[PDB]
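Coordinate analysis (summary)
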Amino acid sequence: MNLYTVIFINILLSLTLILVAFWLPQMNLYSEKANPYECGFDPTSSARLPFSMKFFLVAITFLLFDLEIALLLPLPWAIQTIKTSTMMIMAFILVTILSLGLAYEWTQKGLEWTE
Amino acid sequence: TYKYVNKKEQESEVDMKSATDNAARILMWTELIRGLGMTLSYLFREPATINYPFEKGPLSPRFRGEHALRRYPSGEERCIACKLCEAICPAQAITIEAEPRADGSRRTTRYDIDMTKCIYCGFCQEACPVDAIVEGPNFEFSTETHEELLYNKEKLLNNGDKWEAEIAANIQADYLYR
Amino acid sequence: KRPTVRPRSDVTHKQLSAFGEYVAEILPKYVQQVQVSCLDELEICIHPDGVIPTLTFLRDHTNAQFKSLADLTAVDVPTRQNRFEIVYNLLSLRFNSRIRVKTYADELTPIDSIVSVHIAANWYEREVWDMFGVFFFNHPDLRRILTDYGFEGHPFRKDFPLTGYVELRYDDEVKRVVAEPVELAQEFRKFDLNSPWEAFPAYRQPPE
Amino acid sequence: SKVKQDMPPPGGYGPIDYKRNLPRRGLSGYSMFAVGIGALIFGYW
Amino acid sequence: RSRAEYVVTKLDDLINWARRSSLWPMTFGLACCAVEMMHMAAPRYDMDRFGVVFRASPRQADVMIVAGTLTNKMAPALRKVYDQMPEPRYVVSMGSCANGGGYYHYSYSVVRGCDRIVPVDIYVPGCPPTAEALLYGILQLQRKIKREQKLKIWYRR
Amino acid sequence: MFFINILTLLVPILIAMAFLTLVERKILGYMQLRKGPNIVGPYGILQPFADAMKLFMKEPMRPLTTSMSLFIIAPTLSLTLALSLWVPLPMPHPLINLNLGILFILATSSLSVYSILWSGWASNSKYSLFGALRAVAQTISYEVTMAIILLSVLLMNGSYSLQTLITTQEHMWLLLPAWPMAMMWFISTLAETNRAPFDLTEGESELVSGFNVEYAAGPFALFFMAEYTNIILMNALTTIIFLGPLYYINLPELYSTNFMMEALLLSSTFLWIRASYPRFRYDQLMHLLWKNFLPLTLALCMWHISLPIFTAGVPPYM
Ligand SMILES: COC1=C(OC)C(=O)C(C/C=C(\C)CC/C=C(\C)CC/C=C(\C)CC/C=C(/C)CC/C=C(/C)CC/C=C(\C)CC/C=C(\C)CC/C=C(\C)CC/C=C(/C)CCC=C(C)C)=C(C)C1=O
Ligand SMILES: CCCCCCCCCCCCCCCCCC(=O)OC[C@H](COP(=O)([O-])OCC[N+](C)(C)C)OC(=O)CCCCCCCCCCCCCCCCC
Ligand SMILES: CCCCCCCCCCCCCCCCCC(=O)OC[C@H](COP(=O)(O)OCCN)OC(=O)CCCCCCCCCCCCCCCCC
Ligand code: SF4
Ligand code: SF4
Ligand code: SF4
């Protein structure tokens, strides 16, 4: 209840700040005021156009690695087990497999950016 | 003659001590630490900031500031309407009109300097044969309208009357060089 | 000896005269004049058809090796039929020398671009076209480089006025920066700063 | 009178350093690796 | 006078104090005058000590220091970045070029003063004006916007 | 009384953020042979209030191409997540005592990254798009490396709570056993907080202003407050995790004082680093965090799996 209360207090504080920031100062807006910024000239094309991504393979690898992190995260409770040999072997296997995948991608130039 | 800024001479070979030194340099960020130390030394130094407007940066008597029209010690205007300053002004910032005065003296009826057009080069004060037009050391004369920087003869004579105690001293300190 | 006169070395003049004879006899098809100034500078005035062969020969000849184009410019002399004199200053680092190659053009006869010889000629010829209107054949992208977009006229010409024909101001009715016919609060005062007495008898032209 | 001009002193000016001068500081790699490993071992114990 | 008039005057003083103690110029310059502007940014004069800090985007800028020759090709861009600044904005022309054209007044490609394009609050003369003179212009602008009476005029409406 | 506790946490954190802005100006000035603000107020201490008032009395921007909903949503989201990340820290007693404190920290940090991304996409500008994509790459690299670092450290600690970290460092700092991953965690906090050399989203010289290039006045103030509150936050988290302040049951004021001194030292180190170093290129940041930090982090994670097993120093569950 207390955490929910303080989250709501933060929400109310930030909403109050942005509300007073939008309703306190004098408004004077026209077309050139609200045109988008392109260092003084008109934009040649819209910014909603496709914008090429040179680290897409690294992003997919980040998805897989983040799930490897999710697998590795119950370790502070796993170290309390009776059969610590099995836990230690399984954790070693998991981290070694993750490292081998990273090494294979590094060898196959997947970490390098395209073009 | 010439020298190499990045070419390395021969090789240092490979050694365990050198390899360990390079490993420690890579791992422990030694050049980054000494850059931090340089910034720390600058932090503990004394800043070079003066307390403007209560302290002003140093200048010289040669300094070219706001224009002024001077006088003889009798009070007669030094300017004789010869238009040498107007002729030599590289920006054509000086406009001069003249006629004989009531006593027959050769004096200006219009001496305008467009300080928005002037380039503050001192050619007028070094072409004046009688030291009439000068660049006195005033530089804090910024205005709020464009018109106030369009000086006429009354403004320039008032500047000469205001700054004569300093302009005369600067010309006294400077005139043997020029 | 004399402290106010520039010292003069004749060895540079002799070397430049010999090299001018060399280039003139190598390329008699295009070379129209070869001169060496008293400032020890070599100028070779060529036909406009020989710009590409002359520049290529000067860049790639073993005895020339003028591999660096110092600059490319134009001079508007509007009293001859071909008013634009195109000037190429070139530098030979191998022989530590400089040469000047001149040719001519008018408003309606373009000359060949030398972008295939020197890559700096791209922007230099763009500047020449923008400022004088001398078109260049086979340029990769010829357009204006220094004037405003939509600027009419070539302002480095002699007959173009100093202040131009239009001036910009912000109009609040249209909320834009607009172009108007030029009006000056103070006209540029032209001066007649020419002495009526001859200064240099060595350059006295014969009477007409 | 005597010609007075902005001139160097008759004995000349002093030497002005211009070369690159880095201090060449820091301790050896073996010593700092030993310090780090010792800190690791003490912390582990 | 009325008690509410005094409160309005004090609120005007507070607003003007905030706006003059926090003046962020656009990171915008054109020439030698902008070189003197970064010599004002330099440790001797310390615009940051005065509270004056450059911001690159015009949206975070409060003042625009036109430091250099405003050409015809540059004038739409200058007007654009001025218009993209938010409303409490000021203009400091710097140098003879931005004031009235200067050494290029009679040129075909030079706007004869940036006041033909943007409304200039303060003109700083020189070619270049020293960093002392530009700092003087900044302090004069601070005094000018200290003199503003917006809430008092609104109350008297 | 709990609302009074909320106030006495939130308001001093905001004032410490504003004076962090002032102290950044002063420290950067004195490292740059100048003084920094000393006119506005006695020693410049009214300068942050002047800046805040100016920004909140300047009009905001609402561009025509801009998605208004996300444009409004992003800065308030950023400030709320900054204060939410501040809420569970123990000094030595947290306002909100959690079991999975560092998991809460990680989730809230990733949501702050989303605030940056939505600001950059909503402000329909190319520089904002550049800032958003650079934020994506940056958070990829530091997210994977920082997650493995924190996993190894808490494997040494034994639980996800932070009072447990206080009890762990009752006798000795974790800097001595875990100083390489302390260095990597410090670099990860720099990249998380978007501080130089890893800022790359408010790129001053490369971009114009990056993700907040279309933001003005109030929302820009919200973004700046969120960022500097995150700076103090991550340095406070670093000194709680690695440089354990002296904790005594009879008096917690000594812990609060030691925590304050170490957090101030780490924040000043952040300002020192910003003064000292030039900015990374954002592909080089990813290459660094994926080629140097990540293999060593995996090796040290395996080492900290093994270490309590062969030393019998398995930490307690509670
Ligand atoms: C030679 O050729 C040329 C160039 O080539 C070299 C050129 O370049 C060129 C162009 C030249 C220029 C444009 C000149 C520009 C000058 C420079 C590039 C040099 C200047 C140097 C810099 C800009 C580097 C500056 C470095 C620094 C470290 C300074 C620090 C700056 C920062 C931006 C960071 C600090 C942040 C701020 C100042 C703002 C921070 C404060 C806030 C946003 C406030 C937020 C706080 C709150 C909202 C808190 C509120 C909450 C509360 C609780 C408060 C309580 C309130 C109450 C009222 C009670 C030209 C023309 C040129 O010819
Ligand atoms: C919070 C606690 C304090 C933390 C430190 C805070 C003070 C110091 C801050 C310094 C300023 C940092 C600013 C940002 C710098 C960004 C650049 C950077 O750091 O790059 C990382 C650099 C990268 O180096 P690089 O990029 O130059 O290297 C080139 C690499 N290639 C060619 C692949 C590109 O260094 C590292 O990645 C090293 C990380 C730390 C490693 C620590 C290892 C310690 C020893 C382990 C055990 C060894 C023995 C094993 C057992 C043997 C048994 C026989
Ligand atoms: C602008 C819109 C913003 C929208 C996003 C808001 C983000 C908020 C800040 C980030 C939150 C990240 C996720 C946190 C989830 C809860 C974390 C957690 O571990 O909570 C557990 C904790 C107690 O559990 P435990 O630690 O096990 O303790 C048991 C014994 N003491 O505590 C609990 O069990 C309490 C359970 C509730 C905690 C979350 C409360 C959220 C309140 C709603 C926020 C949004 C409201 C809707 C939008 C309003 C209008 C904009
Ligand atoms: S200083 Fe130069 S530009 Fe200015 S009025 Fe004198 S001659 Fe003209
Ligand atoms: S040069 Fe001197 S005397 Fe001649 S017109 Fe100018 S100010 Fe007068
Ligand atoms: S007024 Fe002078 S110094 Fe300033 S931009 Fe013009 S030419 Fe340069």
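Looking at the PDB entry, one finds chain D named NADH dehydrogenase [ubiquinone] 1 alpha subcomplex subunit 13, with Mus musculus as its source organism. The record deposited in the PDB is entitled "Closed Complex I from murine liver".

The UniProt entry for chain B carries the following comment under Subunit (literature references left out): "Complex I is composed of 45 different subunits. This is a component of the iron-sulfur (IP) fragment of the enzyme. Interacts with RAB5IF." Looking at the Sequence similarities heading of the UniProt record, one finds this comment for chain B: "Belongs to the complex I 23 kDa subunit family."

**So, the overall build of chain B**
When its secondary structure is counted, chain B shows six helices and five strands. Moving toward the C terminus, one meets the helices and strands of chain B in the order α-α-β-α-β-β-α-β-β-α-α. Judged by the C-alpha coordinates and their principal axes, chain B covers about 100 × 45 × 35 Å.

**A few points about the interface of chain C and chain E**
Contacts between the two partners involve 24 residues from chain C, matched on the other side by twelve residues from chain E. Across the chain C to chain E interface the summed buried area is about 1,600 Å²; carbon plus sulfur atoms make up 58%. Three residues stand out in chain C for area buried against chain E, namely C:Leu168, C:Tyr170 and C:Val177, and they jointly supply 31% of the buried area on that side. Inspection of the chain C/chain E interface yields two salt bridges. A salt bridge links E:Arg116 to C:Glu167; its shortest N-O distance comes to 3.9 Å. In this structure, the connection of chain C to chain E is made through six residue pairs in polar contact. Considering only residue class, the side of chain C that touches chain E consists of 16 nonpolar, four polar and four charged.

**Points about the site of ligand 1**
As a matter of local geometry, ligand 1 sits amid 28 residues, with E:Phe28, E:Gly29, E:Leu30, E:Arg55 and F:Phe49 nearest to it. Those chains with residues close to ligand 1 are chains E and F. When isolated, ligand 1 has an accessible area of 1,500 Å², and the protein chains bury 66% of it. Listing elements by their share of the shell around ligand 1, those giving two or more residues are α2 (32-41) of chain E together with α1 (2-31), α2 (47-57) and α8 (218-241) of chain F. It is α1(F) that contributes the most residues to the shell around ligand 1, five residues altogether. Class assignment for the residues of the shell around ligand 1 results in 19 nonpolar, three polar and six charged.

**Side note on the packing of aromatic side chains**
All names here are of chain C. Per the counting criterion, the structure on display carries 38 aromatic pairs over all chains. Plain terms: the ring middles of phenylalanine 132 and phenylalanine 156 are 6.1 Å apart, the flat faces sit at 75 degrees to each other, and that makes the pair edge-to-face. One end of the pair, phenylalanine 132, is in helix α3 (residues 121-132); the other, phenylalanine 156, is in the loop between β7 (136-137) and β8 (166-171), with 24 residues separating them in the sequence. For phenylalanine 156, a relative accessible area of 40% puts it in the partly exposed group.

**Considering the sheet that holds strand β2 (residues 42-46) of chain C**
Residue and element names in this part refer to chain C. An order of β1-β2-β5-β4-β3 is seen for the five strands of this open sheet, with the pairing classed as mixed. If you trace the sheet from one side to the other, it starts and ends with β1 (31-36) and β3 (68-76), each paired once. In this sheet, adjacent strand axes meet at a mean angle of 20 degrees when their direction is disregarded. Bridge analysis of strand β4 (residues 84-92) against strand β5 (residues 97-105) gives nine bridges, and the strand direction is antiparallel.

**Details of the pattern of salt bridges**
All chains considered together, the criterion is met by 61 salt bridges over all chains. One salt bridge connects B:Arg101 with B:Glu76, and the closest N-O pair in it is separated by 3.0 Å. Taken together, the positions of B:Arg101 in the loop between β2 (94-100) and β3 (106-114) and B:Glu76 in the loop between β1 (67-69) and α3 (84-88) put the pair 25 residues apart, joining distant regions of the chain. The partner of F:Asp283 in a salt bridge is F:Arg281, and the shortest N-O contact between them spans 2.8 Å.

**Looking at the side chain of C:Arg83**
Structurally, C:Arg83 is set in the loop between β3 and β4. When near neighbours in sequence (up to four residues on either side) are disregarded, C:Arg83 contacts C:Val75, C:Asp76, C:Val77, C:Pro78, C:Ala105, C:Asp106, C:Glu107, C:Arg157, C:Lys158 and C:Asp159.

**Let's talk about the site of ligand 3**
Every residue lining ligand 3 is accounted for by A:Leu3, A:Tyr4, A:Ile7, A:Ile11, F:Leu77, F:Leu81, F:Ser84, F:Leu98, F:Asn99, F:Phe104 and F:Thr108. Two or more chains meet at ligand 3, and those chains are chains A and F. Note that an oxygen atom of ligand 3 is positioned 2.9 Å from one of the backbone N or O atoms of F:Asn99. Bound to the protein, ligand 3 loses 47% of the 1,100 Å² it would expose on its own.

**Here's the deal with the nonpolar core**
Formed by 120 residues in total, the largest nonpolar core has its most connected members in A:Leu75, F:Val153, F:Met181, F:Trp185, F:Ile241, F:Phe242 and F:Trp290. Counting residues per element, this core draws most heavily on helix α5 (residues 126-157) of chain F, which supplies 16 residues. Among all residues touching F:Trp185, those that are not within four sequence positions of it are F:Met146, F:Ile149, F:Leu150, F:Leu237, F:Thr238, F:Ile241 and F:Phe242. If you look at the next biggest cluster of nonpolar residues, it comprises 51 residues, including B:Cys79, B:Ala91, B:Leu149 and E:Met64.

What counts and how
Residues numbered from 1 in each chain as written, not as in the entry; some residues may be left out. Chains lettered and ligands numbered in written order. Part of a larger assembly, values for the part shown. Heavy atoms only, no water. Residues with missing side-chain atoms left out of burial classes, pairs and counts. UniProt positions renumbered as here; feature names shortened; annotations may be inferred. Helix = DSSP H or I, 4+ residues; strand = E, 2+ residues; numbered from the N terminus. Contact = heavy atoms within 4.5 Å. Buried area = accessible area lost by both parts, 1.4 Å probe. Salt bridge = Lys/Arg side-chain N within 4 Å of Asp/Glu carboxyl O. Polar contact = N/O pair within 3.5 Å; in protein donor to acceptor, adjacent residues only side chain to side chain. Nonpolar A, V, L, I, M, F, W, Y, C, P; charged D, E, K, R; others polar. Near = heavy atom within 4 Å. Areas by Shrake-Rupley, 256 points an atom, 1.4 Å probe, with all protein chains shown as cover. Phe/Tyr/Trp six-rings, centres within 6.5 Å; stacked < 30°, edge-to-face > 60°. Buried < 20%, exposed > 50% of the residue type's maximum accessible area, 1.4 Å probe, protein only. Pairing = 2+ DSSP bridges. Axes fitted to C-alpha atoms, helices over the stretch in contact; angles between N-to-C directions. Core = buried A, V, L, I, M, F, W, Y, C linked by side-chain atoms within 4.5 Å.

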